[PDB]
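A single chain, nothing else alongside it, follows as structure tokens in the form deposited in one PDB entry.
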């Protein structure tokens, strides 16, 4: 039971997206069942087929619908989410309360390797946090960021990056590698020395196709498994 206002400042395709999205969650529409036609939709609202099509085409492009030559447009088979996740979002996803304990900060310059994150010789933020879940330490996170891409700040946080620049967030590159806990890794995380940890190098790009952050993290092997989902 759908409603579209051509007069609204909110684009018509978006109105059609946002509402259908809920008609699916609410299961008012059922998977492996066709929707009204592109042409039928276009009439019911008194808009152009292509304007129907832009919303539908976006939803299919997001996996919520699918198409069959000569038959129609169909709703889909539900999904789960994790791409592009931070620790806080990774935890809320596992039903846990994310936490943060700052343990180190510095401003240091740069070897050639730090320059490899698309250096703009420059001054860098180096925040070393301890990541927690239900107040249990889960990981140690060393985050690397330039002043040529963030300047300075007093944080009290993802959006600052897209805010300080033209560009939004896009794609990310994670490198995982297994290790045994060093005595300081072990100490902080509260595990035995030599205990299995997971070393994650996450470098993150703008839609610029430019990276802003390179993060070396250490994750406890006992309480954390990396879950991933591709294609």
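Positions refer to the first chain, counted from 1. In this text, rigid core is short for the largest set of C-alphas that superpose within 1.5 Å between two forms.
Keep in mind that the form deposited in another entry is missing from the display, and what follows is about it.
Only one candidate in 130, 150, 133, 127 has its Cα displaced by 2 Å or more between the shown form and the other one after core superposition: 150. A movement of the C-alpha atom of residue 15 reaching 2 angstroms or beyond is seen between the shown form and the other one when the two forms are aligned on their rigid core. Once both forms are fitted on their rigid core, the CA atom of residue 32 lies 2 Å or more apart between the shown form and the other one.
Positional change of residue 77 between the shown form and the other one reaches 2 Å or more at the C-alpha, relative to the superposed core. Distance between the C-alpha atoms of residue 93 and residue 18: shorter in the other entry than here (change of 3 Å or more). Between residue 93 and residue 62, the Cα distance is smaller in the other entry than in this structure, by no less than 3 angstroms.
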